[PDB]
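K.L.:
I am sharing input.pdb, which consists of PDB, N, CA, C and O atoms and all ligand atoms:
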MODEL        1
ATOM      1  N   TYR A   1       4.043  -6.024   0.298  1.00  0.00           N
ATOM      2  CA  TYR A   1       4.578  -4.685   0.052  1.00  0.00           C
ATOM      3  C   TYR A   1       3.632  -3.930  -0.862  1.00  0.00           C
ATOM      4  O   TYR A   1       2.873  -4.534  -1.616  1.00  0.00           O
ATOM      5  N   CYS A   2       3.720  -2.609  -0.817  1.00  0.00           N
ATOM      6  CA  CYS A   2       3.001  -1.749  -1.757  1.00  0.00           C
ATOM      7  C   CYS A   2       3.742  -1.721  -3.089  1.00  0.00           C
ATOM      8  O   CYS A   2       4.921  -1.332  -3.145  1.00  0.00           O
ATOM      9  N   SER A   3       3.063  -2.119  -4.167  1.00  0.00           N
ATOM     10  CA  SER A   3       3.746  -2.148  -5.447  1.00  0.00           C
ATOM     11  C   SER A   3       4.069  -0.747  -5.946  1.00  0.00           C
ATOM     12  O   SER A   3       5.025  -0.584  -6.714  1.00  0.00           O
ATOM     13  N   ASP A   4       3.332   0.270  -5.491  1.00  0.00           N
ATOM     14  CA  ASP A   4       3.548   1.626  -5.973  1.00  0.00           C
ATOM     15  C   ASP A   4       4.758   2.283  -5.318  1.00  0.00           C
ATOM     16  O   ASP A   4       5.482   3.031  -5.983  1.00  0.00           O
ATOM     17  N   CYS A   5       4.996   2.031  -4.026  1.00  0.00           N
ATOM     18  CA  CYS A   5       6.040   2.754  -3.300  1.00  0.00           C
ATOM     19  C   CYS A   5       6.998   1.866  -2.525  1.00  0.00           C
ATOM     20  O   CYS A   5       8.002   2.379  -2.009  1.00  0.00           O
ATOM     21  N   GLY A   6       6.681   0.589  -2.349  1.00  0.00           N
ATOM     22  CA  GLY A   6       7.530  -0.336  -1.649  1.00  0.00           C
ATOM     23  C   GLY A   6       7.341  -0.417  -0.152  1.00  0.00           C
ATOM     24  O   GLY A   6       8.073  -1.177   0.499  1.00  0.00           O
ATOM     25  N   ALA A   7       6.398   0.334   0.411  1.00  0.00           N
ATOM     26  CA  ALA A   7       6.158   0.290   1.846  1.00  0.00           C
ATOM     27  C   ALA A   7       5.766  -1.117   2.281  1.00  0.00           C
ATOM     28  O   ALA A   7       5.101  -1.868   1.552  1.00  0.00           O
ATOM     29  N   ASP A   8       6.172  -1.474   3.487  1.00  0.00           N
ATOM     30  CA  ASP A   8       5.753  -2.744   4.038  1.00  0.00           C
ATOM     31  C   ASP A   8       4.227  -2.844   4.152  1.00  0.00           C
ATOM     32  O   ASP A   8       3.545  -1.885   4.464  1.00  0.00           O
ATOM     33  N   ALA A   9       3.693  -4.018   3.861  1.00  0.00           N
ATOM     34  CA  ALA A   9       2.273  -4.260   3.947  1.00  0.00           C
ATOM     35  C   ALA A   9       1.595  -3.857   5.273  1.00  0.00           C
ATOM     36  O   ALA A   9       0.411  -3.528   5.342  1.00  0.00           O
ATOM     37  N   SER A  10       2.382  -3.878   6.346  1.00  0.00           N
ATOM     38  CA  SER A  10       1.882  -3.473   7.657  1.00  0.00           C
ATOM     39  C   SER A  10       1.446  -1.998   7.671  1.00  0.00           C
ATOM     40  O   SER A  10       0.750  -1.580   8.593  1.00  0.00           O
ATOM     41  N   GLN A  11       1.854  -1.219   6.665  1.00  0.00           N
ATOM     42  CA  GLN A  11       1.535   0.205   6.575  1.00  0.00           C
ATOM     43  C   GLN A  11       0.230   0.505   5.820  1.00  0.00           C
ATOM     44  O   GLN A  11      -0.037   1.676   5.503  1.00  0.00           O
ATOM     45  N   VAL A  12      -0.557  -0.496   5.470  1.00  0.00           N
ATOM     46  CA  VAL A  12      -1.854  -0.259   4.839  1.00  0.00           C
ATOM     47  C   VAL A  12      -2.925  -0.158   5.914  1.00  0.00           C
ATOM     48  O   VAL A  12      -2.955  -0.967   6.847  1.00  0.00           O
ATOM     49  N   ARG A  13      -3.797   0.846   5.791  1.00  0.00           N
ATOM     50  CA  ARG A  13      -4.886   1.079   6.729  1.00  0.00           C
ATOM     51  C   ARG A  13      -6.027   1.792   6.016  1.00  0.00           C
ATOM     52  O   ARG A  13      -5.800   2.647   5.162  1.00  0.00           O
ATOM     53  N   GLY A  14      -7.255   1.443   6.377  1.00  0.00           N
ATOM     54  CA  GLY A  14      -8.410   2.121   5.832  1.00  0.00           C
ATOM     55  C   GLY A  14      -8.600   1.951   4.348  1.00  0.00           C
ATOM     56  O   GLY A  14      -9.284   2.768   3.715  1.00  0.00           O
ATOM     57  N   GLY A  15      -8.000   0.929   3.767  1.00  0.00           N
ATOM     58  CA  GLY A  15      -8.134   0.648   2.368  1.00  0.00           C
ATOM     59  C   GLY A  15      -7.071   1.284   1.511  1.00  0.00           C
ATOM     60  O   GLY A  15      -7.169   1.200   0.276  1.00  0.00           O
ATOM     61  N   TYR A  16      -6.072   1.926   2.120  1.00  0.00           N
ATOM     62  CA  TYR A  16      -5.002   2.589   1.390  1.00  0.00           C
ATOM     63  C   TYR A  16      -3.623   2.326   1.985  1.00  0.00           C
ATOM     64  O   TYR A  16      -3.468   2.150   3.196  1.00  0.00           O
ATOM     65  N   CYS A  17      -2.613   2.411   1.121  1.00  0.00           N
ATOM     66  CA  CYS A  17      -1.233   2.540   1.584  1.00  0.00           C
ATOM     67  C   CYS A  17      -1.068   3.895   2.252  1.00  0.00           C
ATOM     68  O   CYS A  17      -1.367   4.938   1.654  1.00  0.00           O
ATOM     69  N   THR A  18      -0.615   3.888   3.502  1.00  0.00           N
ATOM     70  CA  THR A  18      -0.542   5.153   4.233  1.00  0.00           C
ATOM     71  C   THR A  18       0.681   5.977   3.860  1.00  0.00           C
ATOM     72  O   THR A  18       0.790   7.138   4.295  1.00  0.00           O
ATOM     73  N   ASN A  19       1.601   5.412   3.075  1.00  0.00           N
ATOM     74  CA  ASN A  19       2.709   6.196   2.546  1.00  0.00           C
ATOM     75  C   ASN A  19       2.343   6.904   1.243  1.00  0.00           C
ATOM     76  O   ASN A  19       2.444   8.131   1.153  1.00  0.00           O
ATOM     77  N   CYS A  20       1.936   6.144   0.210  1.00  0.00           N
ATOM     78  CA  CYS A  20       1.698   6.742  -1.104  1.00  0.00           C
ATOM     79  C   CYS A  20       0.228   6.911  -1.453  1.00  0.00           C
ATOM     80  O   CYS A  20      -0.073   7.514  -2.491  1.00  0.00           O
ATOM     81  N   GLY A  21      -0.690   6.399  -0.631  1.00  0.00           N
ATOM     82  CA  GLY A  21      -2.108   6.554  -0.889  1.00  0.00           C
ATOM     83  C   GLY A  21      -2.665   5.593  -1.909  1.00  0.00           C
ATOM     84  O   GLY A  21      -3.831   5.724  -2.298  1.00  0.00           O
ATOM     85  N   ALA A  22      -1.866   4.632  -2.361  1.00  0.00           N
ATOM     86  CA  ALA A  22      -2.347   3.612  -3.280  1.00  0.00           C
ATOM     87  C   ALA A  22      -3.584   2.909  -2.722  1.00  0.00           C
ATOM     88  O   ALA A  22      -3.686   2.644  -1.515  1.00  0.00           O
ATOM     89  N   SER A  23      -4.509   2.558  -3.615  1.00  0.00           N
ATOM     90  CA  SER A  23      -5.624   1.709  -3.218  1.00  0.00           C
ATOM     91  C   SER A  23      -5.137   0.315  -2.808  1.00  0.00           C
ATOM     92  O   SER A  23      -4.081  -0.165  -3.234  1.00  0.00           O
ATOM     93  N   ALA A  24      -5.940  -0.330  -1.978  1.00  0.00           N
ATOM     94  CA  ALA A  24      -5.576  -1.581  -1.317  1.00  0.00           C
ATOM     95  C   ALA A  24      -5.013  -2.685  -2.240  1.00  0.00           C
ATOM     96  O   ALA A  24      -4.058  -3.421  -1.963  1.00  0.00           O
ATOM     97  N   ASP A  25      -5.622  -2.760  -3.419  1.00  0.00           N
ATOM     98  CA  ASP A  25      -5.293  -3.811  -4.351  1.00  0.00           C
ATOM     99  C   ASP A  25      -3.885  -3.665  -4.953  1.00  0.00           C
ATOM    100  O   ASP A  25      -3.379  -4.580  -5.594  1.00  0.00           O
ATOM    101  N   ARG A  26      -3.240  -2.518  -4.752  1.00  0.00           N
ATOM    102  CA  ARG A  26      -1.849  -2.410  -5.151  1.00  0.00           C
ATOM    103  C   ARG A  26      -0.902  -3.140  -4.203  1.00  0.00           C
ATOM    104  O   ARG A  26       0.298  -3.213  -4.492  1.00  0.00           O
ATOM    105  N   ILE A  27      -1.391  -3.630  -3.071  1.00  0.00           N
ATOM    106  CA  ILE A  27      -0.536  -4.398  -2.174  1.00  0.00           C
ATOM    107  C   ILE A  27      -0.336  -5.779  -2.773  1.00  0.00           C
ATOM    108  O   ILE A  27      -1.283  -6.394  -3.296  1.00  0.00           O
ATOM    109  N   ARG A  28       0.884  -6.280  -2.685  1.00  0.00           N
ATOM    110  CA  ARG A  28       1.214  -7.611  -3.212  1.00  0.00           C
ATOM    111  C   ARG A  28       1.979  -8.389  -2.155  1.00  0.00           C
ATOM    112  O   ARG A  28       2.403  -7.825  -1.147  1.00  0.00           O
TER     113      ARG A  28
HETATM  114 CO    CO B   1       2.448   2.730  -1.236  1.00  0.00          CO
ENDMDL
END
Starting from the file, give its structure as structure tokens.
P.N.:
Amino acid sequence: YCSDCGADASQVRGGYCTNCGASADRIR
């Protein structure tokens, strides 16, 4: 999940969370 917004990890693309724009490393 994205620690910043809670989006499912499947929503990360291009090095960012596609919901909140968090950088990749915020995924946990
Ligand atoms: Co996010």
K.L.:
Using all atoms listed in the file, I'd like a table of the residues in chain A that come within 6 Å of ligand CO 1 (chain B); for each, show the closest atom pair and its distance in Å rounded to one decimal, ordered by chain and ascending number, as a tab-separated table.
P.N.:
residue	atom	partner	partner_atom	distance
A:2	CA	B:CO1	CO	4.5
A:3	N	B:CO1	CO	5.7
A:4	C	B:CO1	CO	4.7
A:5	N	B:CO1	CO	3.8
A:6	N	B:CO1	CO	4.9
A:7	N	B:CO1	CO	4.9
A:17	CA	B:CO1	CO	4.6
A:18	N	B:CO1	CO	5.8
A:19	C	B:CO1	CO	4.9
A:20	N	B:CO1	CO	3.7
A:21	N	B:CO1	CO	4.9
A:22	N	B:CO1	CO	4.8
K.L.:
As lines of an AutoDock Vina configuration file, please report the centre and edge lengths, rounded to one decimal in Å, of the axis-aligned box that holds all listed atoms of stretch 12-23 of chain A with 8 Å of padding on each of the six sides.
P.N.:
center_x = -3.3
center_y = 3.6
center_z = 1.6
size_x = 28.0
size_y = 25.1
size_z = 26.5
K.L.:
Give the strand (DSSP E or B) residues of chain A, as DSSP finds them on the backbone, and put them as a list in words.
P.N.:
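In chain A, DSSP puts these residues in strand (DSSP E or B): residues 2, 12, 13, 16, 17, 23 and 27 of chain A.
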K.L.:
Which residues fall under the PyMOL selection byres (((chain A and resi 26) around 4.5) and not hetatm) in this file, as a list in words?
P.N.:
residues 1, 2, 3, 23, 24, 25, 27 and 28 of chain A
K.L.:
Next, write the just-selected residues to a file, as a PDB file, keeping the file's coordinate frame, keeping N, CA, C and O atoms as the atom set.
P.N.:
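Full text of out32.pdb as output:
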ATOM      1  N   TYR A   1       4.043  -6.024   0.298  1.00  0.00           N
ATOM      2  CA  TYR A   1       4.578  -4.685   0.052  1.00  0.00           C
ATOM      3  C   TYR A   1       3.632  -3.930  -0.862  1.00  0.00           C
ATOM      4  O   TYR A   1       2.873  -4.534  -1.616  1.00  0.00           O
ATOM      5  N   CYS A   2       3.720  -2.609  -0.817  1.00  0.00           N
ATOM      6  CA  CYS A   2       3.001  -1.749  -1.757  1.00  0.00           C
ATOM      7  C   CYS A   2       3.742  -1.721  -3.089  1.00  0.00           C
ATOM      8  O   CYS A   2       4.921  -1.332  -3.145  1.00  0.00           O
ATOM      9  N   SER A   3       3.063  -2.119  -4.167  1.00  0.00           N
ATOM     10  CA  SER A   3       3.746  -2.148  -5.447  1.00  0.00           C
ATOM     11  C   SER A   3       4.069  -0.747  -5.946  1.00  0.00           C
ATOM     12  O   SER A   3       5.025  -0.584  -6.714  1.00  0.00           O
ATOM     13  N   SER A  23      -4.509   2.558  -3.615  1.00  0.00           N
ATOM     14  CA  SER A  23      -5.624   1.709  -3.218  1.00  0.00           C
ATOM     15  C   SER A  23      -5.137   0.315  -2.808  1.00  0.00           C
ATOM     16  O   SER A  23      -4.081  -0.165  -3.234  1.00  0.00           O
ATOM     17  N   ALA A  24      -5.940  -0.330  -1.978  1.00  0.00           N
ATOM     18  CA  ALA A  24      -5.576  -1.581  -1.317  1.00  0.00           C
ATOM     19  C   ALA A  24      -5.013  -2.685  -2.240  1.00  0.00           C
ATOM     20  O   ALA A  24      -4.058  -3.421  -1.963  1.00  0.00           O
ATOM     21  N   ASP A  25      -5.622  -2.760  -3.419  1.00  0.00           N
ATOM     22  CA  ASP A  25      -5.293  -3.811  -4.351  1.00  0.00           C
ATOM     23  C   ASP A  25      -3.885  -3.665  -4.953  1.00  0.00           C
ATOM     24  O   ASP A  25      -3.379  -4.580  -5.594  1.00  0.00           O
ATOM     25  N   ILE A  27      -1.391  -3.630  -3.071  1.00  0.00           N
ATOM     26  CA  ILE A  27      -0.536  -4.398  -2.174  1.00  0.00           C
ATOM     27  C   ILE A  27      -0.336  -5.779  -2.773  1.00  0.00           C
ATOM     28  O   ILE A  27      -1.283  -6.394  -3.296  1.00  0.00           O
ATOM     29  N   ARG A  28       0.884  -6.280  -2.685  1.00  0.00           N
ATOM     30  CA  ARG A  28       1.214  -7.611  -3.212  1.00  0.00           C
ATOM     31  C   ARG A  28       1.979  -8.389  -2.155  1.00  0.00           C
ATOM     32  O   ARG A  28       2.403  -7.825  -1.147  1.00  0.00           O
TER      33      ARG A  28
END
K.L.:
DSSP on the backbone: what in chain A comes out helix (DSSP H, G or I), as a list in words?
P.N.:
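In chain A, DSSP puts these residues in helix (DSSP H, G or I): residues 9, 10, 11, 24, 25 and 26 of chain A.
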